[PDB]
Structure formats: structure tokens, C-alpha cells
Amino acid sequence: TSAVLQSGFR
Amino acid sequence: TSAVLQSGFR
Amino acid sequence: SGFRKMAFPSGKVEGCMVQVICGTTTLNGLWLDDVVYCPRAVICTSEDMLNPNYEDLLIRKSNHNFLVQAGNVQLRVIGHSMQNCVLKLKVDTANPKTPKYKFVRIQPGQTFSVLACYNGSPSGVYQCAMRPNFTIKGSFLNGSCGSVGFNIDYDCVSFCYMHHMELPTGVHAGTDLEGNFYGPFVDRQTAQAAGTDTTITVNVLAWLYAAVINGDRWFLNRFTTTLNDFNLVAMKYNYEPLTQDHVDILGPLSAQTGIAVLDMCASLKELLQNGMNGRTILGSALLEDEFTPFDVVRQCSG
Amino acid sequence: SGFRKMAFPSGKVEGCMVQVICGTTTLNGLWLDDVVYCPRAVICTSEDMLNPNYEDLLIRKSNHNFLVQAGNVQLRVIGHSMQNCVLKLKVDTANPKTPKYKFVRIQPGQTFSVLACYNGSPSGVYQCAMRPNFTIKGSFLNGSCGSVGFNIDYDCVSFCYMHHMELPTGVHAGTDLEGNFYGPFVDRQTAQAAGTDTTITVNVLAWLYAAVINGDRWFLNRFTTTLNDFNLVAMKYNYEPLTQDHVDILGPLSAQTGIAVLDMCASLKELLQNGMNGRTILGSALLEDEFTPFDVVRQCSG
């Protein structure tokens, strides 16, 4: 598993 | 022990 | 990911907190529109507090006996009245920071955020549940009386609690914002004790679903149970009965995880009968009952 | 009485939160004076994120590629620059709600309040400690990037954390407000893992003093220990060594309770070697290490 950059999608 | 009304003193 | 006891952002309530002084007694009030709400205990002296007759104490007061301070602005009191265990102090200035708000009374098992305040100044924010015995396990020192509890929904603040007192066991008691106590308690310094408390079963199940959503699965089993058979076990461990409505409310969490509510009940039965055997769930070695199903959904991925 | 994980009132920080959008990527920013600070990850697309060259990505942007929204007010970006892992977006309007503030970097073992936000809108507030391995155990979903951590001292907000990412174990990593990561982590979607973590010994001792102040005394004993002998035990249980400075910092709590620090160490030694044998301390069946001595003093009677 990779780290996740917790930005949002729009 | 009694209940305490938790006002402040000033 | 992650699961934490989370309060609502407190800014809307911070803008409403004031200091109320009557004589040498000081506490917090809540300033909404042109009214300041505070515990009627502000009118007692130390000796009034064993057996205060509040109607007598109040008729002996006038508006000028109440000093209300909102930061560095003194608010002039132009009227006063008692409603149950709260006072309503009409002031000459409407609070420009008044949020949209409601006064709601909550049920045992429901949570809310507490803004602890001293001398009208907010000091901390934390979540509380209303226990089955109508106390809350808060953190409050002298001067905290008049601090409020609330929830937020779409920028409307629903105020549900005003703090009054600490009981001998170290738990806390207070009123709704209409001044009606939660539970069989009164605003006087007498021996009072809460009824025996019980564990909020539906909230424990909600937290077990939060744990599964967060990858803690060790407590799951291929077993199931009936609602009736589960409640027979819950009663022995001092858990509240689980109703069909509770089952329905857990529907969305059950759908998200694929774990039937009665299957999670079987897991809880085993945890009650066996303990945790050295393991933790969401960072706790005890079964946590102060998260509602809403709290879990609000905080956990969809 | 009572002891709760308590956050600072969040209103001063709420007034600083904005939404930053670059293309289809959205996250939170922090608006202080005429600058909006946000994670540089805002300039990446999904595919940029495995191996982004941020200097390249940024030189291909202009001010108009950043849309900054503060409630229902769009702020015009008039300059941009990168500082480490944060962007500084100069806007044409100074935030009228800017509090007195500092950018501080915290140490492992210290706590702070997190204002979790989505789409520039605050959603919850909770306390976190910076772990010895430079992660935090937060509660963050997609869209939370750019949420901030802070402490308050006399109406000055000391910002210490900006959230960036979630690691595979479900813990969280981010930067100071100068954009420098806490710990050996980078803002890219690669396999990263934190070092092994350890328990914050001085904070466990502080919480044991909070427990005594709150009437939980069952874990006390008439025994004592030396610092050297205590650390021999602490090392075996993966606790940080306890220094003379830690002992000094616990001075006030020791004075308040009458329990010498080395006596409380003897109690902790016994708890590590024996477990709790079914009992709780301050509502927990585990030894809690996320309260600093300051947190205990701030919250507990004097």
C-alpha cells in the first residue's frame, strides 16, 4: 500500500 | 459529600 | 481513516459567551439576540446554596445587580426573569454574532460538544454523551457553571445543555436551555446521587462498525444470534436492551461493512463473555459507548 | 473534577480556513494577512502523484490557475511561491479575522488541537499528540489535506501542523507551517512507513497524577525506585527514557498530590509488569500517553 495525499476531487 | 454548584468567586 | 472523539467547531458558540456577575458570584452566560441566559445559581451567596429559595432571592434583586461583560464591553441589563433553573437577562444590545439556533433537549445515549468556559472566556472543547442516568462525564472546575453543550447542523446551533453542578461521584449535571434539569437533580448543595448507570448498547455496536471500517476485525466471528437471545446476554452485563429501531438505525453501517447487525451482536456477546484477552479496538481496551451511529457515519468513510 | 481529551476553542482558526482549487484538485488553505498557505499537493493531478516534480509543475502554473474561496467571497491570487512542501498564495485582500499568530514547530510528545476541514469548511476539532515516530493518530478523509493543528496561548494561535497524507497503517503525516515534514516522509503516493513508535513516559506519569487528582488511587504503592532502575524497566516495555528534566517538569503535579515523582515511577513499573487486573484509570483500561504535564495542569484543579 502507498501513502495517500488526502486532497479532494472536484 | 454534597453536590457543588460550580460558580466562581470574585 | 482514523477514529477520534471529535467536537464540533466551537466558533459560533464562542461568540455568544459572556460573564455574568451578581455580587461576588460569577459564572458564564449565553448571549443570543438581546437575552443572556445563565444559571439562576448566580443569585446565591455561599450560604444561600444549601437551601436557596430562588423566588425570594430573585424578588430581592433588580437589573442593576447583574453585571454582564462581553469581552471589554459591559452590557446593560434592562429586564430579568426566571424560567425554571435559568435566568433570562434582557440586555440593551442584540448580539451581532448570534448564529441561527434552536433549544433542543437531548435523549440519554446522544452526544454533544461542550465548550468549557471560565469568566465568560472559552477554555476548551470536548464531546460528551448524556448517560442513561442523565449525568455527563465532563471536565469542569469552579467557574464553569453556565458553560453550554451543543450540536451543529448546517450552521444551525442546537443548544442542548447548560452546566450547573458536580455530583459527589465527580460526574456532572445540568439543564436544557429552558432551565429544566436532566435527571432527578436540583440546583442546591445537598447530597444528591444519580441512579445506577448502564452501557449504551447501540453506541457500542456503532463503534464496533467504526472499528471494522478502520481495519480492526479480530473480534468478528462466523456466528450470529437472535435479538431476543442477545438481550438476554446484554441484561446480565448491565447493557441497555437493543430494540428493532436500534437495528434499523445501524442499517447503513451494516450495509457499508457487509456485517449484519445480528452478526455484530454475536461479536459483542463474545466480547462481553470473554473480554478482550489483551487486544485493543480503535486504541481502547474497553468497549466504548459514547459514539452514536451518526457520530460514526459523520466521521467514517462512506 | 473530570479529565477529558480537550481541544482549544477553534473559532480563531475557523476564521482563517479557505478552499483552494487548482484544476480538479481541491483542498484547504490557511488565510493569514494577505497570504494563503496550502499544501503544494494542490498542483498535482492523480497521475502526477506517484513521482511529482513540484518545481516543474509549479513553473507551468500562473496565479489564475488557483481559485481561492473564503465562504462566498472569491479571493484573487496576485502572486505565488513554493516554500518546501507548502505554497504561499499572495491574495489581494488581507484576512480581517487574522488572529495574533506564530508558526512553531513542535516536538514529539507534545499535543495540539486539529481543526479537520473539508472544502474550506471546518468539520470537527480534536486533540492529537506528535508521536515519537513523527506521525499523528488523527481522523482525516480525502479532502482534509491542508487542515491545521495549533495551540493557543493568551489569544495567540501557535500553528504547528498542516495535514498532508495518510500512511498505509492509517496514521497521518504532515508538515510545519514552513512546509517542512515532521519525520522521514515526503508528499508523494509511494510506499512509506514510519519508524517503530514508543510510549511517551513523561505523559503517562502526568496522566497518573491527573488520575490521583481525580480520586483514582488504586495503583499507588508504598514503594519507590531510582531513575536508573526505572529506565531499565521502561526500556523493556518500549517506553522512552525518563530524564531528570522530565522529573523537574512533573514537580508541580508531585507537589500538588504529595506523591514523589520516583514513587509514581514505582507505580508505573508495577502497572507495566502486572497490567491492570481488570481495573480502569480515568475511564481507560490502557496507560494513556497523549496528555502532557501542561495538559494535566491546565485542566486539573490547582
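By the numbers in Swiss-Prot, the shown part of chain C spans 3264-3565.
Cβ atoms are placed via backbone N, Cα and C, with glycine included.
In this structure, C:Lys3268 (ubiquitin cross-link) belongs to neither helix nor strand by DSSP; it is coil. Taking a C-beta cut-off of under 8 Å and a sequence gap of six or more, C:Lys3268 (ubiquitin cross-link) has these contacts in its own chain: C:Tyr3389, C:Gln3390, C:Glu3553, C:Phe3554. Taken from Swiss-Prot, the feature ubiquitin cross-link covers C:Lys3268 (among others), and the record attributes it to experimental evidence.
Annotation source Swiss-Prot lists ubiquitin cross-link at C:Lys3353 (among others), citing experimental evidence. According to DSSP, C:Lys3353 (ubiquitin cross-link) sits within a strand segment. Within 10 Å of the Cβ of C:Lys3353 (ubiquitin cross-link) there are 15 other Cβ atoms, across all protein chains.
Over all protein chains present, the Cβ of C:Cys3408 (active site, for 3CL-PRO activity) has 29 other Cβ atoms lying within 10 Å. C:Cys3408 (active site, for 3CL-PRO activity) falls within neither a helix nor a strand when secondary structure is assigned with DSSP, and so counts as coil. For C:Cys3408, the entry in Swiss-Prot reads active site, for 3CL-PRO activity, with the evidence type experimental evidence.
Among the recorded positions C:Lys3268, C:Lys3353, C:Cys3408, the ones whose Cβ sits under 8 Å from a Cβ of chain B are, in sequence order, C:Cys3408.
Between C:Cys3408 (active site, for 3CL-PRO activity) and C:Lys3353 (ubiquitin cross-link), the C-alpha separation comes to 20 Å.
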